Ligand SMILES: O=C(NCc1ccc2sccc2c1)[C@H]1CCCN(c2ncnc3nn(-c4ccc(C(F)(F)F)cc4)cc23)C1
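Just one chain is shown here, as structure tokens, and it is the form solved without the named molecule.
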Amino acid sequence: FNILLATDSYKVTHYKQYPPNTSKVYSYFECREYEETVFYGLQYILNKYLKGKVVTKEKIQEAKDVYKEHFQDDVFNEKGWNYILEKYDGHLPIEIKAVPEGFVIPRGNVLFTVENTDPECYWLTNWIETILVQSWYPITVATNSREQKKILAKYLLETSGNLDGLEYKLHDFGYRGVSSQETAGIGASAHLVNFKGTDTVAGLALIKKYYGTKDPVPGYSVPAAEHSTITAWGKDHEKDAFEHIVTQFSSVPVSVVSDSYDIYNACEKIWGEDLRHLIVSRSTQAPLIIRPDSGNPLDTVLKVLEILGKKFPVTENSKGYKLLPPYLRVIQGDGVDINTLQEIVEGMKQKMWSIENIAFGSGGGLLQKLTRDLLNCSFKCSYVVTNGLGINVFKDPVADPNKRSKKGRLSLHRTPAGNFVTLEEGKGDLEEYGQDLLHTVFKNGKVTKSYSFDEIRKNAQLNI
């Protein structure tokens, strides 16, 4: 990895575009006015890409050669990078201040600020915009995950009277459905800010390396069939496949994909009749989890539940909602995103089914179907010093007031009612609103302030 090659091409020329005698460029990240965002993921970037000796004589030469061909010209700022190498032993002269990770913050508030700490390196702040802006992704995954947890909590409370099991109710199965290995680890770690369940091993390793937890792992999984392990038995042997699998995993929970040929038949005749004896013997600590995986997600779930309700001993919990026996559960892993999750739980509640009966798996919906537009993640310059004079800078496009950016030096504060406000134009120096909530997390090549994953989870909790 070469930081000199991890920027948008066109930023290679920007050092020639600033007003002459600019000694300072100060920029900020916000999610422009999903009402509140979880701040997560910056520390990963600081550690993996930004900290330490990131410039070498070989990296300079590599970038020189690449840009010569990419531009067919010599725009590359070889001198500026040589300066950083010689003066700072390749350590970036940059200060980054940030809200603590895990913090839940309303939209349109400053989340982090970047500035150069050497006047020669005015051009550096925005060189690193590209890399730092990728934090949109773990912010957005964490926020969307947390929004889903809010929905799950509402209906579990309504239908059961408590939140037992909540943190296992939405499980990450997005490994194959993301755009890369590196994305898999980052997104899975972001989901684990809110939940405990992941099939994406790389998330755990990222957390261990970049954040740290008290546990050996933050993420968990249970044995489960896939279509290949059922259909390999042949069409006429779906029952033999079912019986082999539940018997192989008779004392731990086991998920079994049941829609290979006919989901309604598998539930009513195979699970509900031929193999019933192997289900009702099972422990509360080791349920069979029936997995539909096709058809209309709500309609399938309701019909699966009605079928099981006629074949197995259903009870009524203290809220008046129907509850399967504890050795039997359902998981819906097909077509799950925030919208369909809401429809499924509302539709279950309407038909008097406890949210205790169900859990969810999500892949693309959880980790891939998300863009920087969802939270309007944006990084803009708000303050420059030119000729020793500091000036408040901003954009304000005529045709879109939503893209208006903030002015001057920024700080984040608690209001007297305990909400958040971002003060502009250096006004946080007036001290009418207490101390700035941003901390310096990076300075001159060093990470200066850090958070364990446990602090992060704590910060990201629902009100409850």
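The first residue of the shown sequence is 1; numbering continues from there.
The form deposited with the named molecule bound exists for this protein as well; it is not shown, and the discussion that follows is about that form.
Chemist: May I ask you to decide between open and blocked for this site, after superimposing the site C-alphas so that the named molecule adopts its pose in the deposited complex, counting ligand atoms within 2.4 Å of backbone or C-beta atoms with 3 as the threshold?
Modeler: Open pocket: the modelled ligand, placed by site superposition, has no clash at the 2.4 Å cut-off.
Chemist: Quick one: from 102, 287, 185, 138, grab the residue that has a heavy atom within 4.5 Å of the named molecule in the deposited complex.
Modeler: Checking each option against the named molecule in the deposited complex, the one that comes within 4.5 Å is 287.
Chemist: Could you work out which of 313, 165, 161, 106 is the residue within 4.5 angstroms of the named molecule in the deposited complex, going by heavy atoms?
Modeler: Flagged contact: 165.
Chemist: Evaluate residue 330 for contact with the named molecule in the deposited complex, applying a 4.5 angstroms cut-off between non-hydrogen atoms, and reply yes or no.
Modeler: Yes, residue 330 sits close enough to the named molecule in the deposited complex that at least one of its heavy atoms falls within 4.5 Å.
Chemist: With the cut-off set at 4.5 Å between non-hydrogen atoms, does residue 222 touch the named molecule in the deposited complex?
Modeler: Yes - in the deposited complex, heavy atoms of residue 222 and the named molecule come within 4.5 Å of each other.
Chemist: Considering non-hydrogen atoms and a 4.5 Å limit, does the named molecule approach residue 305 in the deposited complex?
Modeler: Outside the cut-off, so no.
Chemist: Taking 4.5 angstroms as the cut-off for heavy atoms, does residue 173 touch the named molecule in the deposited complex?
Modeler: Yes, residue 173 lies within 4.5 Å of the named molecule in the deposited complex.
Chemist: Heavy atoms within 4.5 Å of the named molecule in the deposited complex: which stretch among 349 to 357, 140 to 148, 263 to 271, 236 to 244?
Modeler: Among the listed stretches, the partner-contacting one is 349 to 357.
Chemist: In the deposited complex, which residues of 11 to 39 put a heavy atom within 4.5 Å of the named molecule?
Modeler: Heavy-atom contacts to the named molecule in the deposited complex: nothing from 11 to 39.
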